[PDB]
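The next block holds one structure in the form of structure tokens; read it before the comments.
Neighbour counts are summed over all protein chains in view; Cβ atoms, including those assigned to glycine, are modelled from backbone coordinates with ideal geometry. Every number in this text was worked out from the coordinates using simple rules, so none of it is lab data.
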Amino acid sequence: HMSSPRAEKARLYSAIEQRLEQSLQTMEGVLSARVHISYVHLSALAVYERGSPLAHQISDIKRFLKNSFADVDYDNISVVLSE
């Protein structure tokens, strides 16, 4: 159970998420961020201050997340931005 490949895969994906959230929160305008890795898709929900067009910001986060977690396919990354 707790030390099995399934449970260790979750812990490791959780550790990556927490680094990706810690880093998304370093971006100008991004106040808070939440990253979920579905196993392979990635989901990001960040509260952004619209200092740039939405399309541009989504593109910036998507490129950053790919460069920081190269295991996910670009098209399988999802960014939803809040106020």
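How many of the residues in the range 15-52 are in contact with a strand residue (DSSP E or B) (Cβ under 8 Å, 6 or more places away or on another chain), at negative phi and small (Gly, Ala, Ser)?
Count: 5.
Of all residues in the range 1-31, count the ones that are under 16 Å from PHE64 (Cβ atoms), of a type in the set (A, V, I, L, M) and assigned to a loop (DSSP other than H, G, I, E, B).
Looking only at that region, the number is 1.
Looking at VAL72, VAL80, which one is of a type outside the set (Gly, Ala, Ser) and part of a loop (DSSP other than H, G, I, E, B)?
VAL72
Of all residues in the range 32-69, how many are part of a loop (DSSP other than H, G, I, E, B) and either crowded, with 16+ Cβ neighbours inside 10 Å or of a type outside the set (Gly, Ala, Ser) (or both)?
6
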